[PDB]
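Colleague: got the complex split up, this is the first portion:
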Amino acid sequence: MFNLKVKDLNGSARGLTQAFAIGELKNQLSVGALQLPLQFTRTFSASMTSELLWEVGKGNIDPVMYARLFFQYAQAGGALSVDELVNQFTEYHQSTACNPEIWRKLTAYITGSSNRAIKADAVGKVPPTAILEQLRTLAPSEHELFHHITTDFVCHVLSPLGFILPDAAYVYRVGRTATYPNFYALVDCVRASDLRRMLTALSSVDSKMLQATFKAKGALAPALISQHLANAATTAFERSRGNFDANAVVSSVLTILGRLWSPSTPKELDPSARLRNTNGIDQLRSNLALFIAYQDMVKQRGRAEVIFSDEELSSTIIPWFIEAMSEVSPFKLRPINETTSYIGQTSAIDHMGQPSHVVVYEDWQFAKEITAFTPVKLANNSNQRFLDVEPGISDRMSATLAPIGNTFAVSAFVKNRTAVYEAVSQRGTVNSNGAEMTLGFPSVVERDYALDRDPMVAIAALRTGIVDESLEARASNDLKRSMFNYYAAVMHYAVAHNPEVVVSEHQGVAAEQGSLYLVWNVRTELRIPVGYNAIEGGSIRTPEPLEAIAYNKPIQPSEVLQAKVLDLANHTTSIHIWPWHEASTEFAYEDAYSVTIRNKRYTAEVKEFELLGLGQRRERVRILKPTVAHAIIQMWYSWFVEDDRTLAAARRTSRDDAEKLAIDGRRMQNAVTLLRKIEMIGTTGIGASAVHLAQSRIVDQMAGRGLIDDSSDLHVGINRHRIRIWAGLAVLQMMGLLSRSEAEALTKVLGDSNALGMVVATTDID
């Protein structure tokens, strides 16, 4: 839940406004003053995937992914950039490959034989982690991630011969990918083209010949190995040498685009008639993801320069820049319509036409799986520890959570919201303000739980636009990188549904020599503007991507957004080296169901280990967090209390008979759909076993005092409908899904509406 006043966009949300992206902190942004027509038909979207555990120890090299490890190690690792990293990799690669000894000394170790041939039978086995231990001393580095890449190289040429133990295994987690390129994500993905051409040379060494000459002859010296490695590692050193600075490949090729978009480009520097006609610029001219990248470029550098020869050289840059991105990468070009598919919109209309509130939401497919691991140290004061997945705890919850899944789907939240604004609104126009725009982004709040951050700094990042410094850099680096996704994800949306876009050039405050911002042509067919613009001509031209949303008609999301859980189960043996205590929630719970029977109070305590079938309380196990599940429920809570608040706010000032009865018509109808939902959770596997026990602690507490039995014609039912409801919270409480505070207010809402009173009123006949 994030609310903004679309009339004053500057103040309410500056993160999503365009005025911020191109460097206007001050309120002013130019009108539709000067313009050039354009159509964006393509975009660069990250492939749809989220982090997965990948294991580095085994002999294979999968160049695409090791590349991905560099992204994470350097970028999110706190280091400067993957660019500086890769450079320090090829100084490292030059060190070993071009050096004749370092390939002898560690083939003396693995083969055992310094000066003489080794037979075919007498071939020992040396575990992979071994040779790594020594290579550390030979070719020392400050980045362990290099030693792993060389280690499993020699493992690859020696694997057929069998000089090494297969059994050992080891594991890391690759990171999540931003869906749209930040400026630097271009620079990175260009260097990562070098790197991928590096590794594809190492990876592809068969050494079949060395396998043939070993078999027939029966023996070979280290002089055959230690050359045949040194031939491989210097084939890779070729392929690294002589590639262009990514930093100056892109910096230019985003400028010479930026000059053929902007209408005002001085003729003194005009991209020439040849490069405008270059093969491929045509396509890159119409591409969006670059544009919002360009806007970033100038936001930071403030300027641009073309170092490369304006003609002869810059026409071999582009065909090299295209081949970098176009090739399979995290970023793959797609028709623009598709990348926004999951966003959806709905609005609350006045009688005339214009919006009162208008909601924008990300659809979701609720994640119905959950896993629970127990961490196991290798030795005292060693951080290697590797977890054991425990089934039978997890089978419970995932068969418990699967019933929850069906009933919370996001579309049913907004389908509910607009049903509120129908009832609460008066009959009269809204001139008073632009229609406020509420936007659910469960992805925002989601990222706060896995990163463990106060939801208030995340929101307040979008509002004011600046990130708080008080937090440590690991968060801000994933915060800003996030806050840029939403910005981008907005404009892909706005553009997708208003194909007419027009590129101006901002120069009012003369902040930068080159600047760009779109302005949309949307045809409103409305009388009065929301936001502020002159609404002249039967179409409005609005620089802000948000306003240009508001004038859309309802849109139904065509594609469910997909969360997917991190997978521990597959590799059990491999030792986890990534910290897993960030993604782990402790699992413990206590609660008491209190009821009053014939003027006394009977309280049944209950513990979580009982609920699960465990007989004893085991401390170690830790539930791996259900973020996306806690994301949605968090949304659905805040929109529920928000609704139920706004009504009881109108319900006081209604001053009508016909309308007032329509509010209480709504609340009651709301709260007993609330409850029939929670009662539906009570029948679940944890819900069951919570009930069966709670009644049983209450019985044996009444043993001492003989008192008369109930009718249970409806009493069994009345008591039953109550005990289930308390199961409904207990299951939500014990998993992370609902915090204890909001669980209380959610009782209080269901409490005063006397929902339960009305639920039973359908089970009697009069």
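Modeller: Nice, thanks for sending it over. Numbering: from 1, shown residues only, chains lettered A, B, ... in the order given.

Colleague: show me where the stretch 51-200 of chain A has strands.
Modeller: A:53-54, A:170-173 (DSSP state E, counting those that start in this stretch).

Colleague: Nearest to residue A:682, out of these?
Modeller: strand A:53-54 (35.4 Å; CB to CB). From N, CA and C alone the C-beta is placed, and that goes for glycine too.

Colleague: picking up where we left off before, now the strands of the stretch 51-200 of chain A as CSV including mean neighbour count?
Modeller: Shown next, in CSV, are the strands of the stretch 51-200 of chain A (neighbours: other CB atoms under 10 Å):
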stretch, mean neighbour count
strand A:53-54, 16
strand A:170-173, 19
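
Colleague: can you list those strands in a markdown table and add distance to residue A:152?
Modeller: A markdown table is the format used below for the strands of the stretch 51-200 of chain A (distance: least, CB to CB, whole Å):
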| stretch | distance to residue A:152 |
| --- | --- |
| strand A:53-54 | 13 |
| strand A:170-173 | 10 |
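
Colleague: so which of these comes closest to residue A:377?
Modeller: strand A:170-173 (16.1 Å).

Colleague: The closest one pairs with which strands?
Modeller: strand A:53-54 (antiparallel), strand A:575-576 (parallel) (DSSP bridges).

Colleague: next one: that strand to chain centre, how far?
Modeller: 20 Å (CA atoms, centre = their mean, to the nearest Å).

Colleague: about what we covered before: tabulate the strands paired with strand A:170-173 (JSON lines), appending distance to residue A:248.
Modeller: Output for those, formatted as JSON lines (distance: least, CB to CB, whole Å):
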{"stretch": "strand A:53-54", "distance to residue A:248": "32"}
{"stretch": "strand A:575-576", "distance to residue A:248": "40"}
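
Colleague: Out of these, which is closest to residue A:369?
Modeller: strand A:53-54 (15.2 Å).

Colleague: ok, and what's touching that closest one?
Modeller: A:65, A:171-174, A:566-568, A:570-571, A:576, A:578 (CB atoms under 8 Å, 6 or more residues apart in numbering).

Colleague: out of the strands paired with strand A:170-173, nearest to residue A:383?
Modeller: Between those, strand A:575-576 lies closest to residue A:383; by CB to CB that is 9.7 Å.

Colleague: Flag every buried residue along stretch A:603-615.
Modeller: By neighbour count on 16 or more other CB atoms under 10 Å, the buried set for stretch A:603-615 is A:604, A:606, A:608-609, A:611-612.

Colleague: please slot chain B in as well:
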Amino acid sequence: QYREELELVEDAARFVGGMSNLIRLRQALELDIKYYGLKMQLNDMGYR
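Modeller: One more piece, chain B, placed on the ones above:
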């Protein structure tokens, strides 16, 4: 004369929990105010 009185404790007991708890809870309230401030402050520093 204590018939009236003990029945009052056992009403308070059942609510809280075992008698041991109520003896604790009673102290928590009787406890000086500053301590509530102290604990709030450690949570302000991010300890739990």
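
Colleague: Please reconsider the buried residues of stretch A:603-615 now that chain B is part of the model.
Modeller: Within stretch A:603-615, the residues scored as buried using 16 or more other CB atoms under 10 Å in any protein chain shown are A:603-604, A:606, A:608-609, A:611-612.

Colleague: Now do that stretch: distance from first to last residue.
Modeller: Length of stretch A:603-615, first residue to last, CA to CA, to the nearest Å: 21 Å.

Colleague: Out of the buried residues of stretch A:603-615, which comes closest to residue A:625?
Modeller: residue A:608 (16.3 Å).

Colleague: For that closest one, give me its contacts.
Modeller: Contact partners of residue A:608, counting by CB atoms under 8 Å, 6 or more residues apart in numbering or on different chains, are A:587-590, A:734.

Colleague: Let's have the buried residues of stretch A:603-615 in JSON lines, adding secondary structure and distance to residue A:394.
Modeller: What follows is the buried residues of stretch A:603-615, written out as JSON lines (DSSP: H, G, I helix; E, B strand; the rest coil; distance: CB to CB, whole Å):
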{"residue": "A:603", "secondary structure": "strand", "distance to residue A:394": "31"}
{"residue": "A:604", "secondary structure": "strand", "distance to residue A:394": "27"}
{"residue": "A:606", "secondary structure": "strand", "distance to residue A:394": "21"}
{"residue": "A:608", "secondary structure": "helix", "distance to residue A:394": "14"}
{"residue": "A:609", "secondary structure": "helix", "distance to residue A:394": "15"}
{"residue": "A:611", "secondary structure": "helix", "distance to residue A:394": "14"}
{"residue": "A:612", "secondary structure": "coil", "distance to residue A:394": "10"}
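
Colleague: Now distance to residue A:643 too, for the residues you listed, in a markdown table please.
Modeller: A markdown table is the format used below for the buried residues of stretch A:603-615 (distance: CB to CB, whole Å):
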| residue | distance to residue A:643 |
| --- | --- |
| A:603 | 33 |
| A:604 | 33 |
| A:606 | 32 |
| A:608 | 32 |
| A:609 | 37 |
| A:611 | 31 |
| A:612 | 34 |
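
Colleague: Residue B:28: what secondary structure?
Modeller: When classified by DSSP: H, G, I helix; E, B strand; the rest coil, residue B:28 comes out as helix.

Colleague: Could you check how far it is from residue B:15?
Modeller: 15 Å (CB to CB, to the nearest Å).

Colleague: out of these two, which sits in the more crowded spot?
Modeller: More neighbours surround residue B:15 than the other of residue B:28 and residue B:15, with 14 against 9 (other CB atoms under 10 Å in any protein chain shown).

Colleague: quick one, phi/psi of residue B:39?
Modeller: The phi/psi pair for residue B:39 (degrees, to the nearest 10) reads phi -60, psi -40.

Colleague: add chain C to the structure above:
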Amino acid sequence: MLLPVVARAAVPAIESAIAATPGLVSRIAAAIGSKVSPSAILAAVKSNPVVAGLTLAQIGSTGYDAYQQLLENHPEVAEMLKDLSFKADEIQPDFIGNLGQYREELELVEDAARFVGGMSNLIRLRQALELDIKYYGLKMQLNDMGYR
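Modeller: Adding chain C to what we have so far:
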């Protein structure tokens, strides 16, 4: 360099402090490590934000205002500013042992806390009981009138 918005307000604040007393001029020259001449440091302030911050730490009297506003102007200097400016807080000899006695006590509160709810609740509930008796009577009476 230095952004102009910071400059219109920031430059005169320092200059004022200099004109107030010379004794500060020598101090800032030592801390920032700049030429002792008042014209020199004023040339440095404009050049780097990080430098601008350390100066405003040296003079807190008149200068505190701009300093905070500088936080807004540059995220980076403040981020690398918190480290460069630091002083070890003198610890009292008694303190750590004196804290050892409250181990027994705080664990008592947190037993009471969990029961009630968030710490905020318990602070309320404590007052409700400490509250005068008449109020319980008052509330009962409003319910007697059919108000609730």
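
Colleague: and the buried residues of stretch A:603-615, now that chain C is in?
Modeller: Buried residues in stretch A:603-615 (16+ other CB under 10 Å): A:603-604, A:606, A:608-609, A:611-612.

Colleague: Right, and chain A sits closest to which residue of chain B?
Modeller: residue B:14 (5.5 Å; CB to the nearest CB).

Colleague: Contact partners for that residue?
Modeller: A:600-603.

Colleague: go on, residue A:604?
Modeller: Here residue A:604 is in contact with A:592-594, A:693-698, A:701 (CB under 8 Å, 6+ apart).

Colleague: Pull out the buried members of the residues you listed.
Modeller: A:593, A:693-694, A:698.

Colleague: For residue A:740, state which of the residues you listed is nearest.
Modeller: Once CB to CB is applied, the member of the buried ones among the contacts of residue A:604 that ends up nearest residue A:740 is residue A:593, at 15.4 Å.

Colleague: Does that closest one touch residue A:724 like I think?
Modeller: No - assessed by CB atoms under 8 Å, residue A:593 is found out of contact with residue A:724, at 11.0 Å.

Colleague: ok, and the closest non-adjacent residue to residue A:6?
Modeller: residue A:434 (4.1 Å; CB to CB, 6 or more residues apart in numbering or on different chains).

Colleague: That neighbour in helix, strand or coil?
Modeller: coil.

Colleague: was I right about it contacting residue A:533?
Modeller: No - with contact defined as CB under 8 Å, residue A:434 does not reach residue A:533; the gap is 10.4 Å.

Colleague: picking up where we left off before, switch the contacts of residue B:14 over to JSON lines; also include secondary structure and distance to chain B.
Modeller: Shown next, in JSON lines, are the contacts of residue B:14 (DSSP: H, G, I helix; E, B strand; the rest coil; distance: CB to the nearest CB, whole Å):
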{"residue": "A:600", "secondary structure": "coil", "distance to chain B": "8"}
{"residue": "A:601", "secondary structure": "strand", "distance to chain B": "5"}
{"residue": "A:602", "secondary structure": "strand", "distance to chain B": "8"}
{"residue": "A:603", "secondary structure": "strand", "distance to chain B": "7"}
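
Colleague: Mind checking which of these are buried?
Modeller: A:602-603.

Colleague: if we can go back for a sec, name the nearest of the buried residues of stretch A:603-615 relative to chain C.
Modeller: residue A:603 (11.8 Å).

Colleague: could you list every residue that touches the closest one?
Modeller: Here residue A:603 is in contact with A:592-594, B:14-15, B:17 (criterion: CB under 8 Å, 6+ apart).
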